[PDB]
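These notes concern the structure reproduced below.
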Amino acid sequence: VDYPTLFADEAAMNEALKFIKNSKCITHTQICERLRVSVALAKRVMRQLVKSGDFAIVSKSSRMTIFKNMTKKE
Amino acid sequence: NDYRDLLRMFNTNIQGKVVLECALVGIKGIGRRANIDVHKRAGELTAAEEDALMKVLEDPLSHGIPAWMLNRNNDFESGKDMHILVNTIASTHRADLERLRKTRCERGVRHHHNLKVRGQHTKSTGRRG
Amino acid sequence: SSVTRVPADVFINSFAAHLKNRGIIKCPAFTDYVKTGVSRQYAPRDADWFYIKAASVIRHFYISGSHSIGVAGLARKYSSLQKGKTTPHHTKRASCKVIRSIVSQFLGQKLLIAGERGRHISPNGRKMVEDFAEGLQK
Amino acid sequence: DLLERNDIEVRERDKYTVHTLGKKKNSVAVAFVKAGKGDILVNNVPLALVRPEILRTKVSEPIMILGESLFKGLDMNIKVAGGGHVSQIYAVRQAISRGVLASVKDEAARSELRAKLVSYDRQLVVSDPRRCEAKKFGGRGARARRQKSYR
Amino acid sequence: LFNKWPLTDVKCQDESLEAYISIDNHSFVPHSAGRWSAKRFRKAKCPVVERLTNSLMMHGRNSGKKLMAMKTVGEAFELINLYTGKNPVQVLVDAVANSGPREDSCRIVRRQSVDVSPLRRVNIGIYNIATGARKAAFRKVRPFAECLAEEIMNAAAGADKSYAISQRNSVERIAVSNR
Amino acid sequence: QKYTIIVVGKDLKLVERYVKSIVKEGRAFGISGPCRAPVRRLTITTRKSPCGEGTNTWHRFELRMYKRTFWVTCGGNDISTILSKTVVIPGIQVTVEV
Amino acid sequence: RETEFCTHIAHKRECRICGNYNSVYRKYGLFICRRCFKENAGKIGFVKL
Amino acid sequence: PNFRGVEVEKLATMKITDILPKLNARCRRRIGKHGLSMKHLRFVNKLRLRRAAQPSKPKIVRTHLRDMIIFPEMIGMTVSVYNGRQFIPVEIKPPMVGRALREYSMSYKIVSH
RNA sequence: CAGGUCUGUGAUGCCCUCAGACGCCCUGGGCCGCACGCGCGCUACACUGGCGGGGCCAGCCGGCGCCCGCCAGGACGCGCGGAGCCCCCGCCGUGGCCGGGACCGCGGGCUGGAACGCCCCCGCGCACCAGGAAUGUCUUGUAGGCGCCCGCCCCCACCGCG
């Protein structure tokens, strides 16, 4: 069935971040379908991507964290 | 991110991806009657921490685990509470059924005839037996 | 008023952190391996749970104002439903021994006073609850 | 929590001049206005902080209908006891609007605030009674009966 | 709606559906008990977003949970605005307008094709969009909110992928055949 | 000395006259205003049928108990004078207290 | 027969009117048969409405 | 095996009071707190007397007492407990110590469909 | 209407028993025995969820305090005193899995003269991934979801009436 990631992204993590950054918007679950990470892992890496400020959280909810890249405008 | 794959404790297969609390949730099925971070994930768990846990599970009354939180609480052989998992649960359940078989008891006959013991309506809800 | 203006849950989480640094409560040994309540079959994963609970008991005592009610009343405030039964779910109260061991600890540190029956926030403690709220206000 | 002498027992002195109420679905609210700096508090909790976070907009509808000037001087203290979370926010809105009406009730200007508020939202001023019905024997509810085995 | 998305220029483009649609009388947030079940056609004067939020509270489970539903259509609305760069309510009016099926073969044995009223199309369009999401929000990863928004965008375009559009076209299909 | 008075009447009409009489006898002794205790509803729901046959129709029986609050500052003989003075109607609860 | 007669102790609650030991219904302290209460609840002042 | 940590040879010598903390929660409530009853105590004394009497005696201790919890001394006595119609014989064994006589008397017959 | 109730009664005819009683008590069992078929229910099948850390509002209407105990409970005194759902924030991440809790094995309590009753703690982890022919009740505070109270009660409600 689905691929449990095991938080295994290392060299691949940088390209995983590259695709996520390219996408106009990202949701915690959208990553899990597009790349088979656990949605829990998706929160992990997304927290780092927002820490840089690549993405801007439109809204935070206990289940849904809506992020649109504040960047990518350039 | 550091990742390790399957681990084996007491001859069980452990999924590295799941959180440590879920990873141990069943040991040999009959296992989950600590010093490690329970959220780290089975892959993240170190050999050393597992060794400390191995001591904790083998001797629960040595690291602040209580008597009540034990799987067995008064025994029938030593009179003392203990934590037994893997084959020992199977050997003690056999031993407990054998003790119930030994003497004639309602507990003994029902466990053999496969009737629920201590249960009530055998009339309408034991079907498919 | 002061703490009442602050969202009580925001105040509870922030004060619990302060109580730990201020040395108030100092959690007992039993609280690491215990699950609050006869309804909850799982222990809190917070690891700072005995501090978050301890902000809840003392701030709820501040809400009492002059009630002097006891530990069981606070236990009811944190109660939830027992599941895991074929029969329908029914509300079960929180474990009293944890609640007793914070109200007694608060009175022992003189943050609370045993005027009659249970406990009401002590004047010395009354400053503490308002003090932290003032820090939250700015 | 049900229609007791609780209405005035909460405050001693600090006399409020305008009294108003807002009551729906067993949730009864008593609103007392001292006409000070215009701030509104419900159950010791400021109106800008309401426990449902989406339902702060429902509570702030009287305030959204009229300009800041109306609430610039009207200091309201509200006390909702009984009913339920949603019946309490609905009650708050009714009481705040009774408070503005009570300030301008003698003038024909009471009509202006009653028309604007009501037109935007019905029940901002009024209170729909809709009380709960009674279970009858042979059923688990007023409109629900147990499944019939045969026929 | 949610302190955002004013219906300043949001409007219907389909005349018949416009008569039964609300794009002006919206209270802040999709709540307010106005007894729109009362009389006969009180649905027309009921905020479309409330009508949508009321549909979500169905199929048991989430029964009566308007607050959870209100914040869920709010999460979907923000997803809609971000994906299409468009006020969600304008997309919503178009989505529920296209979804409503104009031709249904009722029994009137045999069946006969009969024209569908604008209110029925208004109610079926809201209903189908929720069920299109409800069905795709079961044992799946995407949350109910992401399907509800996915469904809405295709429905405005008329893309058959939306469950509402496929059911509308299947309804008008068995209707054409059993004319 | 002030004496507590409680009157319990099953029938509201029978106590209604008693409360009117209570003011018209103890006015000089300053009898307290008649606060009414919230009704105590004794409710019994019983199956109507002697057996359990037929539909399970339920017979609801309710006895509503009404009580009034009175206090009189008067002499020991004076309460007894009002006790004789008040209108005597049968099946009523009479309370003399301190 | 002093030992034999009534050695066992148990509640024997019965209707005041009938003596039947079933459906005693002591809700408000009335030791009343439910069927017997149906016969005489009017004198106790209970009203149907 | 030693019953609850007291060896079977030690168990017969041991007393209920000595093994009471070791015994079950009900056993500790019934004997330690509530106390036994005259019928049961007279039965324990009757059991002690016949075993002590030893006149070569086949009483087989007929008993309607199923409430009685077995005492460490009764080991090796063939008790007979009225299941409802007949006295069902129950010999005593080490794990049956502090166990009621009802648990080992067959109150009902099996189904045999 | 030979619908149901003579087994609710000092309502009762005819009738039956009446001293080894078909009278009453006393003890032990049975109604709860289970290859199976069905009726009313309750809990499910997960992420519009479980987890569980806080906020917080009930109504028929209503008691608590202090210590001891993981609980269950208990000791000790006094008159007192209030849900769930939902709300926010974590978490798990579509995996019979962190859904579900049926059975089972140690114990710890309680009520009673006594479990064979219930409660709780550590285990244990059955089917069940949305249900065929059929069907059942409903249109506003309604269906549904969600808790609570009382009755009968020593203990005990997936029940009834609320």
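Each chain in the structure tokens gets a letter, A, B, ..., in the order shown, and its residues are numbered from 1; ligands are numbered from 1 in order too.
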
Can you check which residues of range 3-129 of chain D DSSP gives as strand (DSSP E) on the backbone and send them as a ChimeraX atom specification? /D:18-24,27-33,40-42,45-46,76-81

Give me, as a short mmCIF file (atom, residue, chain, number, x, y, z; two decimals) with N, CA, C and O atoms, in the first residue's frame, the contact residues of chain B against chain I at a cut-off of 6 Å, counting only C-alpha atoms (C1' of nucleotides).
```cif
data_model
loop_
_atom_site.label_atom_id
_atom_site.label_comp_id
_atom_site.auth_asym_id
_atom_site.auth_seq_id
_atom_site.Cartn_x
_atom_site.Cartn_y
_atom_site.Cartn_z
N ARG B 33 2.80 -5.48 28.76
CA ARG B 33 2.06 -5.67 30.04
C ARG B 33 1.51 -4.31 30.49
O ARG B 33 2.04 -3.25 30.06
N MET B 69 1.04 -1.81 38.06
CA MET B 69 1.25 -1.70 36.60
C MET B 69 1.88 -2.98 36.05
O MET B 69 2.25 -2.97 34.88
N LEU B 70 1.99 -4.05 36.85
CA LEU B 70 2.56 -5.34 36.37
C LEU B 70 1.51 -6.24 35.70
O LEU B 70 0.33 -6.15 36.08
N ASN B 71 1.94 -7.10 34.76
CA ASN B 71 1.03 -8.07 34.10
C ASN B 71 0.50 -9.10 35.10
O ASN B 71 -0.72 -9.35 35.09
N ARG B 72 1.36 -9.66 35.94
CA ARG B 72 0.94 -10.69 36.92
C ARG B 72 1.03 -10.00 38.27
O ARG B 72 1.92 -9.15 38.41
N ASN B 73 0.14 -10.32 39.23
CA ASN B 73 0.15 -9.51 40.47
C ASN B 73 0.22 -10.35 41.76
O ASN B 73 0.61 -9.76 42.79
N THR B 122 -25.15 -17.43 27.03
CA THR B 122 -24.61 -18.38 26.03
C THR B 122 -25.76 -18.71 25.08
O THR B 122 -25.48 -19.23 24.00
N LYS B 123 -26.98 -18.29 25.43
CA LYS B 123 -28.15 -18.70 24.62
C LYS B 123 -28.17 -18.00 23.26
O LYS B 123 -28.31 -18.72 22.26
#
```

For chain C, list the residues within 7 Å of chain I, counting only C-alpha atoms (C1' of nucleotides), and write the list as a PyMOL selection string. chain C and resi 8-9+34+38+44+70+84-88+117-118

Write the residues of the selection above to a file with C-alpha atoms, as a PDB file, in the first residue's frame.
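File written: again.pdb
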```pdb
ATOM      1  CA  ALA C   8      -7.628  31.278  30.932  1.00  0.00           C
ATOM      2  CA  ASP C   9      -5.996  28.423  28.887  1.00  0.00           C
ATOM      3  CA  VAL C  34       0.036   7.698  36.315  1.00  0.00           C
ATOM      4  CA  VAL C  38     -10.579   6.723  35.845  1.00  0.00           C
ATOM      5  CA  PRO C  44      -0.447  12.526  29.527  1.00  0.00           C
ATOM      6  CA  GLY C  70     -12.423  21.321  47.781  1.00  0.00           C
ATOM      7  CA  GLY C  84     -13.933   0.951  25.894  1.00  0.00           C
ATOM      8  CA  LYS C  85     -17.310  -0.492  26.949  1.00  0.00           C
ATOM      9  CA  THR C  86     -20.101  -2.076  24.860  1.00  0.00           C
ATOM     10  CA  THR C  87     -22.440  -0.031  27.126  1.00  0.00           C
ATOM     11  CA  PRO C  88     -22.750   3.747  26.233  1.00  0.00           C
ATOM     12  CA  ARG C 117     -14.109  23.378  54.180  1.00  0.00           C
ATOM     13  CA  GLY C 118     -11.793  23.542  51.138  1.00  0.00           C
TER      14      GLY C 118
END
```

What gap, in Å, lies between CA of residue 140 in chain E and CA of residue 153 in chain E?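 Distance reported for this atom pair: 19.8 Å.
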
Point-to-point distance from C1' of residue 8 in chain I to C1' of residue 30 in chain I, Å rounded to tenths: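 Distance between the two atoms: 24.5 Å.
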
Distance-based interface of chain A with chain B, 8 Å, counting only C-alpha atoms, as a PyMOL selection string: chain A and resi 4-10

With a distance cut-off of 7 Å and only C-alpha atoms (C1' of nucleotides), select the neighbouring residues of range 14-17 of chain E, excluding the residue or stretch itself and same-chain residues fewer than 5 positions from it, and output the selection as a list in words. residues 97, 118 and 122 of chain E
